[PDB]
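Ideal geometry is used to build each Cβ from the backbone, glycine not excepted, and the neighbour counts take in all protein chains shown. All of this is worked out from the model, or read from it or from the source named; none is laboratory data.
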Amino acid sequence: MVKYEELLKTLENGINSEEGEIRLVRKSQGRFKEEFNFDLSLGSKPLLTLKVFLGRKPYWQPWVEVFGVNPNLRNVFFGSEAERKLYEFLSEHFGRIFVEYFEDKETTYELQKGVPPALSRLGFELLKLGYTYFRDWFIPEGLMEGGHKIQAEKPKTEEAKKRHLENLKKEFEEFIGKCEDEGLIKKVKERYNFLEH
Amino acid sequence: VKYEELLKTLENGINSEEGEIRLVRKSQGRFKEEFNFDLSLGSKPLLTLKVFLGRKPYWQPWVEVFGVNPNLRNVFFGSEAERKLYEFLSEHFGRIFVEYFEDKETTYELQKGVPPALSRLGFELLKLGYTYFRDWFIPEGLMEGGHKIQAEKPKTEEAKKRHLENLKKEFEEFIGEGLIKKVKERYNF
Amino acid sequence: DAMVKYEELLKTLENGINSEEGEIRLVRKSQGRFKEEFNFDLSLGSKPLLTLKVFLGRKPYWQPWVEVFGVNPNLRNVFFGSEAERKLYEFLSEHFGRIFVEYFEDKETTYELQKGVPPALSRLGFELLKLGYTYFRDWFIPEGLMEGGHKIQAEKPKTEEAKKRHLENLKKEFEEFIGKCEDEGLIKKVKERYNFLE
Ligand SMILES: [Ca+2]
Ligand SMILES: [Se]
Ligand SMILES: [Se]
């Protein structure tokens, strides 16, 4: 509720980017208590949907799902300041995020190549914002639509956080070594170098 | 194979101290034997039943209990209208699915490592002869409707024996909190 | 290109595929969630037949795939095993390296899979096998959990040698199945399908 009202205030205000203003087109009641769809806009084009769960605490923690990205706008949106502002905004209201990566070719390619989720273009954006636990879902559309998502979470403790980063170091070490293309290696090196501060 | 028997019981509703349960809508699902029964507690919509009537060498009957109105959670989960509905489904379906998301007790127990059969909701299913349990806990961010218990009647007296040996083992692999005494009193069968 | 493929699909589906069961036609198209994704509603004669979810490809990122699902329940005993079903898959195999076929309404395949026949030597999967598909998966996810989880998933192999290796494996599975089964009628059927494969 406190959370509900501040998601609406920011969104109804609009989020400013160099790609256009991101606006709430329409809000929608979900399956459950505390669950809403927010249909978003970028400069008068449809952008994407946010599936929001506000929390029913001890039982269910809050989460956002970012999906339904307008393929006409994939090349405007991915790697943009609009996307940064979006994830920043959601970062301040959610400890768990799912982003659909299907329309994001760079992240797609990097995951297919074995890049750790946190060090993929999209994963890395979430990493910068404090999400430290990563799961890559790659289920065939064909079987079930909507199963190419990164799930990311903030560490519960300074202990879980340390464990998440130790695993990331291992995963990175395994990638170097498996990787055959020096350009992909340099890009992953430089994301990992960021983290190391 | 019998809706008709399911239909006769459903309009001209179901008893219960929390209000009557009655039919509202009714459709034809993806497959010839699949249907959706919309239900009410009083005038409020309650819940949806997805029934599958069987195609019996190939597919066995099952009912799914989902789409439960959040304004009734605290009234329905725990209630005798819940039991009267299960009780009634237990007479017609050897396999049942119930979404436990709105059920804050079942949820909290499952998350504690309680075996599905000894959780609030699952225990209610154990009474009615369901002996095989599966807890599905799939993030809604991935896929909607993946928080459900799957419960199954034994095909055979020997299948029952086996499911009950698994339950004893899950009971023990759990006492390895204070709600322990709650699970303990549930297993005393 | 996703567009050449697209245009080839419409042309032969709108011309129609002739069968003794009737002409299979494309009667409706809708854009899916991704740009190269469509639902192609198909009729048999004048009755709805099924839906093809087509994914045209966005190579190298995503390979093309076709999902055949939503078989008209009152056409199941007409479609499965027909010349129509064969001519449909045959068309699909000329355009997609990966296929998904919903087997829920196909009781023979359902029955065979349950008795542990390898997916490739079931009635449905064998039909895909004959067309070049070599990697097989049997999905059997309960419908009360998630609609759409009784599918065969099959893929064309990348090379002739990978193709030779998965077939050796199908053989082990076949011989493993054939000495683990009663129902000599099933065994006779699976054996025919396997002898053919040479
Ligand atoms: Ca082609
Ligand atoms: Se019926
Ligand atoms: Se029916």
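For first residues located in region B:111-132 and within 14 Å of chain A (Cβ to nearest Cβ), partners that are of a type outside the set (A, V, I, L, M) and lie 6+ apart or on another chain with Cβ distances below 6 Å form the pairs B:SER119/B:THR106; B:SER119/B:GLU109; B:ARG120/B:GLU105; B:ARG120/B:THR106; B:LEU121/B:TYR100; B:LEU121/B:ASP103; B:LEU121/B:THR106. Just one of the listed residues (C:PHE79, C:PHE96, C:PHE91, C:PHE55) is away from ligand 3 (no atom under 16 Å from the Cβ), under 19 Å from B:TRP59 (Cβ atoms) and out of contact with any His (no Cβ under 8 Å at 6 or more places or on another chain), and it is C:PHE79. Outside the structural domain of B:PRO57 (by CATH), farther than 30 Å from A:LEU50 by Cα and exposed (fewer than 14 other Cβ atoms within 10 Å of the Cβ): is that true of B:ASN166 in this structure? So B:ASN166 does not fit the description; no.
Evaluate region B:48-60: report whether one residue or more is among the hydroxyl-bearing types (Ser, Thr, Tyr), more than 15 Å from ligand 2 (Cβ to nearest atom), under 15 Å from the mean Cα position of the chain (by Cα) and buried (at least 17 other Cβ atoms within 10 Å of the Cβ). Yes, some residue in region B:48-60 is among the hydroxyl-bearing types (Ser, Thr, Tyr), more than 15 Å from ligand 2 (Cβ to nearest atom), under 15 Å from the mean Cα position of the chain (by Cα) and buried (at least 17 other Cβ atoms within 10 Å of the Cβ). Put simply, of B:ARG30, B:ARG22 the only residue that is more than 25 Å from B:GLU140 (Cα to Cα) and among the basic types (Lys, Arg) is B:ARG22. Given B:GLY13, B:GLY78, which one is over 14 Å from the mean Cα position of the chain (by Cα) and away from ligand 1 (no atom under 16 Å from the Cβ)? Within the list B:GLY13, B:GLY78, the selection yields B:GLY13.
Of note, C:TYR103 satisfies the criterion of being of a type in the set (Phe, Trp, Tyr), crowded, with 20+ Cβ neighbours inside 10 Å, assigned by CATH to the domain that holds C:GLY16 and more than 16 Å from ligand 2 (Cβ to nearest atom). Restricted to region B:1-14, and to residues there that are surrounded by 14 or more Cβ atoms within 10 Å (Cβ to Cβ) and away from ligand 3 (no atom under 16 Å from the Cβ), the residue that is nearest to B:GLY94 (Cα to Cα) is B:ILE14. For C:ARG98, indicate whether it is more than 9 Å from every other protein chain (Cβ to nearest Cβ), charged (D, E, K, R) and in contact with a strand residue (DSSP E or B) (Cβ under 9 Å, 6 or more places away or on another chain). Spelling it out, it is not the case that C:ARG98 is more than 9 Å from every other protein chain (Cβ to nearest Cβ), charged (D, E, K, R) and in contact with a strand residue (DSSP E or B) (Cβ under 9 Å, 6 or more places away or on another chain).
This table checks each residue for (1) in contact with a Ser or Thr (Cβ under 8 Å, 6 or more places away or on another chain); (2) assigned to a strand (DSSP E or B); (3) within 20 Å of B:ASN71 (Cβ to Cβ); (4) not aromatic (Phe, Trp, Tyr).
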| site | (1), (2), (3), (4) |
| --- | --- |
| B:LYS2 | no, no, no, yes |
| B:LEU7 | no, no, no, yes |
| B:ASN12 | no, no, no, yes |
| B:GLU17 | yes, no, yes, yes |
| B:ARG25 | no, yes, yes, yes |
| B:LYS32 | no, no, no, yes |
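State yes or no: is B:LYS50 among the charged types (D, E, K, R) and within 9 Å of chain C (Cβ to nearest Cβ)? Considered against the rule, which asks whether it is among the charged types (D, E, K, R) and within 9 Å of chain C (Cβ to nearest Cβ), B:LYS50 comes out as yes.
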